[PDB]
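A.B. asks: before I ask anything, here's the sequence and the deposited coordinates:
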Amino acid sequence: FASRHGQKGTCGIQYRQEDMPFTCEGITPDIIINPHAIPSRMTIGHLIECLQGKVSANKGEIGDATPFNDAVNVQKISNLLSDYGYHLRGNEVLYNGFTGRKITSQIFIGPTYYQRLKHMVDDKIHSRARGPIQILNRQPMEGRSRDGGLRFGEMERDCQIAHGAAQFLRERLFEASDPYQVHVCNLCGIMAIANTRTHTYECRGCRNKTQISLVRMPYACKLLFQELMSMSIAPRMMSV
Amino acid sequence: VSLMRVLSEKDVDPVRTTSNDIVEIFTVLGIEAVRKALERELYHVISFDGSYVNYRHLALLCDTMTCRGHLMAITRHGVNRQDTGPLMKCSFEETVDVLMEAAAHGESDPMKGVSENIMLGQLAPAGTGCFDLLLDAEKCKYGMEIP
Amino acid sequence: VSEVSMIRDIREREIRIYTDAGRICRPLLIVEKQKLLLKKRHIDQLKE
Amino acid sequence: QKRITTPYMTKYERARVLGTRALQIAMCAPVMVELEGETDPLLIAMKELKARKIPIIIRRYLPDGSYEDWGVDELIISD
Amino acid sequence: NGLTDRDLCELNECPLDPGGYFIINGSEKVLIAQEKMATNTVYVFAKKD
Amino acid sequence: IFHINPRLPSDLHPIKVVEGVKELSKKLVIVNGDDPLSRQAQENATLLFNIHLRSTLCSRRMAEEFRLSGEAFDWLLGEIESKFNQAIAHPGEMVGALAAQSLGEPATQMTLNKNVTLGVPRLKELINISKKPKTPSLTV
Amino acid sequence: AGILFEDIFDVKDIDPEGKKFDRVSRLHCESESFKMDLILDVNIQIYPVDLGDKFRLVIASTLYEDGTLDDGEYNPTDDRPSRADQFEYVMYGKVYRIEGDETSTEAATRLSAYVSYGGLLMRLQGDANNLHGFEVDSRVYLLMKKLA
Amino acid sequence: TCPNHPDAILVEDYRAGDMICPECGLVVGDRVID
Amino acid sequence: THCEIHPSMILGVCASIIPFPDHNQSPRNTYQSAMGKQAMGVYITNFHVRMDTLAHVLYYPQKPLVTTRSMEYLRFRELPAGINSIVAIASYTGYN
Amino acid sequence: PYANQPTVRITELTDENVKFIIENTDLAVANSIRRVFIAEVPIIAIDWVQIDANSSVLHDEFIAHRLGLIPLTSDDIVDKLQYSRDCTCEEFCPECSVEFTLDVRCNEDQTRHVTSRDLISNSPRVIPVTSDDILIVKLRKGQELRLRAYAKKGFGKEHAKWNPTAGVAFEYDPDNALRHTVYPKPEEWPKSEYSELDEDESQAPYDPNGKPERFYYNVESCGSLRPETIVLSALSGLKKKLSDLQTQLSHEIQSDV
Amino acid sequence: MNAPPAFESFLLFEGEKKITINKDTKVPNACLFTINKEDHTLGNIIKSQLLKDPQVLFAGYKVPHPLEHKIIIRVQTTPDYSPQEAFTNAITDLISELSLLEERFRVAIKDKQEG
Amino acid sequence: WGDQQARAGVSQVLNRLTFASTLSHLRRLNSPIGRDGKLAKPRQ
Amino acid sequence: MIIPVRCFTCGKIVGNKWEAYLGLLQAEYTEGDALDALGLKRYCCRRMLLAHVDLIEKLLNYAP
Amino acid sequence: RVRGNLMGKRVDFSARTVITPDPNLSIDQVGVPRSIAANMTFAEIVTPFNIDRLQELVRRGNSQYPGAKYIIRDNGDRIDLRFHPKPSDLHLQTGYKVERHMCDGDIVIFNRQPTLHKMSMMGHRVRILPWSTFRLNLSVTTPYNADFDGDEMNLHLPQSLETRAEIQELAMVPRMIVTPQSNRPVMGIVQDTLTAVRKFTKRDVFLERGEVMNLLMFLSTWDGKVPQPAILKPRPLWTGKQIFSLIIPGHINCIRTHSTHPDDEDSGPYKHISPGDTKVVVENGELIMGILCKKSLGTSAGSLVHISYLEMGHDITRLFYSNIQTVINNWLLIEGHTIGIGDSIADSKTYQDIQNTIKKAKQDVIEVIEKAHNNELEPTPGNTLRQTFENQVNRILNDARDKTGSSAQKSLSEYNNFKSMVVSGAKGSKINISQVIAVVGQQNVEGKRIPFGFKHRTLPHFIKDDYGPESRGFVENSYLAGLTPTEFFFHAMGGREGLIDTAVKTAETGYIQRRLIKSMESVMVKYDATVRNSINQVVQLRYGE
RNA sequence: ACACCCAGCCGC
Ligand SMILES: [Mg+2]
Ligand SMILES: [Zn+2]
Ligand SMILES: [Zn+2]
Ligand SMILES: [Zn+2]
Ligand SMILES: [Zn+2]
């Protein structure tokens, strides 16, 4: 929800009317925003709009907020607000909604135009647990629309080296993304032929059928080395 | 900057005339001197915001740029030129060119860094990965055997 | 036509009269010896 | 005697030793300490670390190839 | 062009619709005004390198 | 902790303070071993902390302003040992990535571009060796 | 009797540096019998004081007049009477500093006790012969009652 | 192709990413593609 | 020789709906200009007979109780984009 | 029993205001009574809408939402009905429900306003309160709105359509003697309605040995209940909640030792 | 998608208990009352009524989370009068308060309506 | 904007989200300066 | 799109008070006096009636 | 492939959601929506003393949260539970794996982009709350550089007990409070809790018995004894310092100074008895005097929370953060905090002083332009005449702005909330006050003043070659007074300059980050304590020498 | 039921 002066904010809690504060006339705030929104953002226009809103709602007209107008000084708005039984400058004594006690700081309250932005949280919430994967590399797909997985990116990797968590970094980049196993000849470090049904393992080339190493390795790195061997570069996976 | 001729001039202090040009400090005053100058310039650049960065990260950065005698740029032309290993140097930038160089010269990557072990999915030699956990049987025979 | 630019360069003696698509213009009132030509008659006629 | 390492169990050592012990206890390894009402293996792992009765020895690689075998019992814990 | 508000409402088109946008395949396509250096006029620039 | 009132005379013999700070100085170690290079490296590695420890825990200051007792001084020695041994950098720690992020995180906060250049362009001009600086200068 | 200090005082100033707080006033008082200087923060909202007012201070270890230490917990269900029943304005706080004119050779001549009532301060400055009850990090009670 | 269940069609779960049996819930093939 | 008709015409469309923009900070005027295009409301009156791919329609759009005189012409009095909320700038529980 | 004796007075009593003053009681009691005004007073409002046909310019959820906020007269009937989750009925029964039928259709050139008068209730004890009429939807020629609605009994905690009040105003200690709010500049603050001080003074002097025992109310009815009945049912509901807590703790103490 | 049912703020499903008593072992003769599915409305009045009792040394309440619906009322009395008895006395005192106030309000309605 | 190296993004789908969005999208301009370029002067 | 049945802030019924308010604008009254003739004392309901747009009248122009 | 699918890969078991605050959670806790909890799973291994729970979790199924999802037997086959309503396969024995739903107490990694440093990825414990947002503690937002204006933020769940242990013992929030970046606590009290504790620890604040027992309900680490009041006889009242002394953990000892501490007070006679409580001198467990602010309770080095972490470990510091944010917030329910028009208004004397100072500055600028026009104002050495005149004008306007800012902030009352939020250090500064109340001031584009965009003038409302304080850009008005249109446009340029800075600087600093890390990412501390890189070369003999 | 290309927008 955004005011008309660049005061962004998501809704954090929803309290009922018995939990809202209230004036001496039973006015509860529809929206409560922190004072910390406006000591560093200079949006005094928010306060002046709120003051003119109180004056306009009490008087019975739509107030004027034309830029560069010299008849709408804040002292004039304050003097008009004084005529309707309220404080000179905005404030009004609120009572605590829970304990019923007076608040010993007079809260600045009044009407202010708010806008609901397109960004609702039900359109952004997203989660995955071993969903669909891509064709090219067997990594999780991209984006909420496809039940896809978040990128654990290059900077995430780097801060995980900074922490020193080797196993967590491996679990994010091996176990939870694309686990895979390959069979590699021991003499030449080249991906061999494996027959998981008949258990007949052979390195075409060397005519080796005796020793073959199993390697746990990501599918993306397998595709990397297969594209290297497509371009006549041989990454030899020598495990000795 | 004409630092050496300025130092040679009469009636200027020859022990404290320091400039902010890194390469002239290197060519005139040495490698430890340019390490100290690079320290002082990197500390001077973090001064106007008032934020203090600890003197064990500036020193490490300066020792990495002044380790190999020649002053080391933090670009491909200085990080890919030191003889670390092809798989980190292709993970930084200029990927296919470093792989061609390694293929053509027959480079043998010893897998001793963290980035190589990351990209092949095995346990990286990180903070908790520089270990070797072993099981002892002398201590294991003790205790209560509930399950 | 009313959209035509008319600029005189005093110090360099240039009277550029650009009449082409793409120039960006604003309507401004005309001051003629420190008096607006927008008298009360124009406002009274525009109010009807 | 050929033991030029720190005699203090590092935080990474604590993390991975508790992790290995917790996974082992989850796979039905005998517990070296009495049980008085924990279910999750991590709490059992912390209790075994505090009791210094873990059956784990760690091998530290010096940066020249030589190793050093330490017992977690003979190390110094961080609390 | 030149239609009253009642005729616009009878045509199932909003009378407050500003217009100035094409319809292609049913998608409402608008052209944003590009901008270039003015033609037929001489400039003098100082390239600092 | 020991409820030391700084008005009454203490029961702390200053030679016990001197041997205590010497014993603590010997016992806390960064470079271990018994070699003429090892002793030199250990003395140099803790030189500033040893000067500060000898200055703060000197006999005159502790008999004039701190007025600690024997039990309080023994607890002080033990706690200094414990905190120093806790503060030693752990093996395996990636100080490189930690240093790089702890340098570059004070780079997203200062501004961009009678003084020399300063900010992100200065950082870019420093970590690159930059054979043609924009405003190189001396200080004579 | 467990009384550290006992004397009457007279107010000379109210806000010498300005009224820094709305509900607390920093009285500057001097004695007339033992020559005791004093600067004390008083809750002016519940106990108004004026210039020229006279009032008596008892600084005591306990309110219980029996030597039984109360250990500093709030127990209102105590039927056995206290010193606070005879006074109109009492307080409580830790002493945190005993400054003085001590030299390396010369012993103490004038002592000043700084006492903290959970934020409300006082300095009791005077002769060293009558501040022997004060010792650093100890709990004392302030006693007040106005006199005509 | 479910074991212990000859002639059983497999519900393809394009959300959960598996091929799943409507008698016992075994999975044939560890992941689905597309 | 010339005169501005009214200086509030230097502002655009979405910055014209800002009330008292001369009292704000310019980055916040820029932000409100950027998110005014994202505020939901009755986007067009014939939204019943148009079926776009996305559409957000607010139940109770309200004309701004503090209006700029320039947005009499933007038709913002007729297709508004928000509600006048009773707003108390306060610290209540720590959820704001 | 350490309980004091509150008293009441009534200033004026209209059909929409029951303005009363409570004396000699705690602040917490008065605040909880105000919260029970807002929340814990049951009335009857529509909660089960079934749209048979809706060709209006407003969609179905909007019509249902505007039907839920229509107040219904519940002067005596709410105390005898039950909650639909606390009854033996299958889905809805006339023991805890009231039926509503709306079969409006416009076949005239002029626009037709579907006011609350067109809701035909089943039991003639509940009705829309304006029987100045609450319109639901405007219709043109050839538009119909056919629906059946069921109205339950519910608290204001569950939804604000069951809130019987219309902005209860609760003020205590009007002349600011007991310093519970501190004015930075007291003389510029207006004196409230129940003020005893004159125009010259700003606030009453501080009272050290003082507690607030005076509470002014402006309980205003939306229309569902008479303003008598809101208070006379709020006190009963608070008493019922405290009695439920009492018997639950008695059952807890019985099965304790 | 994750909105709770609007009746969950005041309704107990099958299994959960309305009130529980937990003896607190930090200090002697103190109890925690975990009243479920209720809000500040009873917490404030119960706290005030227990504060009015002169033989109660501590009487407080908290709501641990506004999105949850528990209140925890901690009571500590003298070692002569059990805290459960204090809570019982407070509840029955508030019953007397509300009943007497209801009777006086009904008399006030009758007196204003008669003339 | 060509017969398929020409200008790109000249024509956009109209931003029917609110009336102000529609007006601000119809009255928009666009500079051809390469948007990824780390310049400073033309953006001011 | 249409006048709300209840005020958002307090809860006072303002659904029935739209048409008559328009009548008081057709009877050459100021908006403040028109609001005061309805009993809308609190400024929340004055915000409701004063700042409302009757977009349903615009929607009724189109054929059903 | 290498950068985009080897260094950084999409992962399973990850969630992303908009974040909202939660002051009722500990700093090591994160709120998780129910749908994310039911979707993401943890694979627990059936040990011989948890079958009684996992059987119930399986029997609940995938639609009865907290329930369970797929069962993995010893063979490796995955029985589904959402889709299998049969009773035969629900039985579990020893060695099985149950992919149960995420419950309370599950360790997660919780991350925000850009992941600038090690504090941007910390681990939390999961608390299930019934709405659709990730809820953090407030003080946790400072290391993440987060706020709740629409920030989305990521969730990762380990499913192996070694990974859960590594996060629990290396990447927890309390363990990772003090950064090695600056040897200062990167966490800290912020916003309302910071600006109310300044109110809470002032000398004038007293609490009656009811609100003391209300506040002590929220103190989790409380021994159970109500302390003795500071004032007893007229009415039992507690100062806020005693309540915060109960909040203070253990027996830490710190000395800090308040923001408004006078500099010469150390030379004054009342050196150790502050007349404004500006010296936080917290003794053995008790905050005996002092007013808390950013300098004493925030993220500064050597602050009180830094002392707490260095003395009492990390769990006690977690409880310290939670206790501050739980007690001070519930006191702020009573005290309340606002800001309004009346906090931006000074009296007529202050406005007259500002107007007189601005008129004097304008007259002096006109005088120095007239002096520079007639061949006077000889140039300073090392600068041209134009630069000398511009520096003279900038110096005059800077002194005028500083003087009128001092005049504006001198007239603030005690109750002015702008002051109450600046001196606490919660948000804002004195420059903000001077801009709101006094003139906004000189506004610069690329360092210099507003350039002559037109021919010899800045706007077509000014005469040609006008170097005054109105044409070249200098606001003579406040924010509350309103900007006349020329300086409104100049303010737009001034804001646009910072907007370009914030929009261009990211693309450079992200590349600097990437090159700096990839230069030294294998540089570690080996077990002989010699800092060495990948190919075993000594960089330092000891870390940090 | 995709895969590229383009555009817009969110947080810093
Ligand atoms: Mg944000
Ligand atoms: Zn082979
Ligand atoms: Zn099957
Ligand atoms: Zn029924
Ligand atoms: Zn209202």
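C.D. replies: Now that the structure is in, tell me what you want to look at. Numbers count the residues shown, from 1 in each chain, chains lettered A, B, ... in the order given. Ligands and ions are numbered 1, 2, ... in the order given.

A.B. asks: now do the spatially closest residue to residue A:106 that is not a sequence neighbour against residue F:73, distance only.
C.D. replies: Nearest non-adjacent residue to residue A:106, counting by Cβ to Cβ, 6 or more residues apart in numbering or on different chains: residue A:91, 3.9 Å away. For every residue, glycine as well, the C-beta is placed using N, CA and C. Residue A:91 is 59 Å from residue F:73, where distance means Cβ to Cβ, to the nearest Å.

A.B. asks: how about residue K:33?
C.D. replies: Relative to residue F:73, residue K:33 is positioned 51 Å away (Cβ to Cβ).

A.B. asks: how about residue J:114?
C.D. replies: Residue J:114 is 91 Å from residue F:73, by Cβ to Cβ.

A.B. asks: which other helices and strands contact the lengthiest strand in chain E?
C.D. replies: Ranked by residue count and defined by DSSP state E, the top strand of chain E is strand E:27-31. If contacts are counted by 3 or more Cβ pairs under 8 Å, 6 or more residues apart in numbering or on different chains; DSSP states H and E, strand E:27-31 sits against strand E:22-24, strand L:11-13.

A.B. asks: follow-up on the earlier one: ramachandran angles for the residue nearest to residue A:106?
C.D. replies: Backbone torsions for residue A:91, taken as degrees, to the nearest 10, come to phi -60, psi 150.

A.B. asks: the more surrounded of residue A:91 and residue F:73?
C.D. replies: residue A:91 (25 against 21; other Cβ atoms under 10 Å in any protein chain shown).

A.B. asks: that one is in contact with residue N:340, isn't it?
C.D. replies: Yes. In this structure, residue A:91 is within contact of residue N:340 by Cβ atoms under 8 Å, at 5.6 Å.

A.B. asks: mind listing the shared neighbours of these two?
C.D. replies: Common neighbours of residue A:91 and residue N:340, counting by Cβ atoms under 8 Å, 6 or more residues apart in numbering or on different chains, are residue A:108.

A.B. asks: for the chain, longest helix please?
C.D. replies: No chain specified, so I'll use chain A. For chain A, the longest helix by residue count, based on DSSP state H, is helix A:44-59.

A.B. asks: I was after chain N.
C.D. replies: In chain N, with assignment by DSSP H, the single longest helix is helix N:485-519.

A.B. asks: tell me if the helix or strand immediately after it in the chain is near chain F.
C.D. replies: Proceeding N to C from helix N:485-519, the next assigned helix or strand is strand N:524-525, under DSSP states H and E. Yes. Residues of strand N:524-525 contacting chain F under Cβ under 8 Å from any Cβ of the partner chain: N:524-525.

A.B. asks: list the helices and strands strand N:524-525 packs on?
C.D. replies: For strand N:524-525, the elements it packs on are helix F:95-104, strand N:531-532, judged by 3+ Cβ pairs under 8 Å, 6+ apart.

A.B. asks: any part of the helix or strand just after the shortest one near chain B?
C.D. replies: Beyond strand N:531-532 on the C-terminal side, the first helix or strand identified by DSSP H and E is strand N:538-540. Yes. Shown here: strand N:538-540 in contact with chain B (Cβ under 8 Å from any Cβ) through N:539-540.

A.B. asks: which residues are in contact with strand N:538-540?
C.D. replies: With Cβ under 8 Å, 6+ apart as the test, strand N:538-540 has contacts from B:59-60, B:63-64, B:67, N:523, N:530-533.

A.B. asks: can you list the strands that it pairs with?
C.D. replies: strand N:531-532 (antiparallel) (DSSP bridges).

A.B. asks: which strand residues bridge the residue of chain G found nearest ligand 3?
C.D. replies: For chain G and ligand 3, the shortest gap (Cβ to the ion) falls at residue G:73, measuring 69.8 Å. Assessed by DSSP bridges, residue G:73 has beta-bridge partners residue N:227.

A.B. asks: how deep is it tucked in, by neighbour count?
C.D. replies: Residue G:73 has 10 neighbours, counted by other Cβ under 10 Å.

A.B. asks: what do you get for residue G:60?
C.D. replies: Neighbour count of residue G:60, defined by other Cβ under 10 Å: 23.

A.B. asks: same question for the one 5 residues further on.
C.D. replies: Look at residue G:65: counted by other Cβ under 10 Å, it has 16 neighbours.

A.B. asks: now do residue J:206
C.D. replies: 13.

A.B. asks: for chain A, what's the longest strand?
C.D. replies: From DSSP E, the single longest strand across chain A is strand A:107-115.

A.B. asks: can you tell me the residue of chain F closest to chain G?
C.D. replies: Nearest residue of chain F to chain G (Cβ to the nearest Cβ) works out as residue F:5 at 5.5 Å.

A.B. asks: pull the contacting residues for that residue.
C.D. replies: Residue F:5 is in contact with G:135-136, counting by Cβ under 8 Å, 6+ apart.

A.B. asks: residue A:152: neighbour count?
C.D. replies: By the criterion of other Cβ under 10 Å, residue A:152 has 26 neighbours.

A.B. asks: ok, which stretches of chain D are strands?
C.D. replies: Along chain D, the stretches classed as strands by DSSP E are D:57-61, D:67-71.

A.B. asks: give the closest residue to residue 22 in space, chain neighbours not counted.
C.D. replies: Picking chain A for this. Leaving aside its sequence neighbours, residue A:22 sits nearest to residue A:28 (Cβ to Cβ, 6+ apart; 5.0 Å).

A.B. asks: wrong one, I was asking about chain N
C.D. replies: That would be residue N:135: by Cβ to Cβ, 6+ apart, it lies 3.6 Å from residue N:22.
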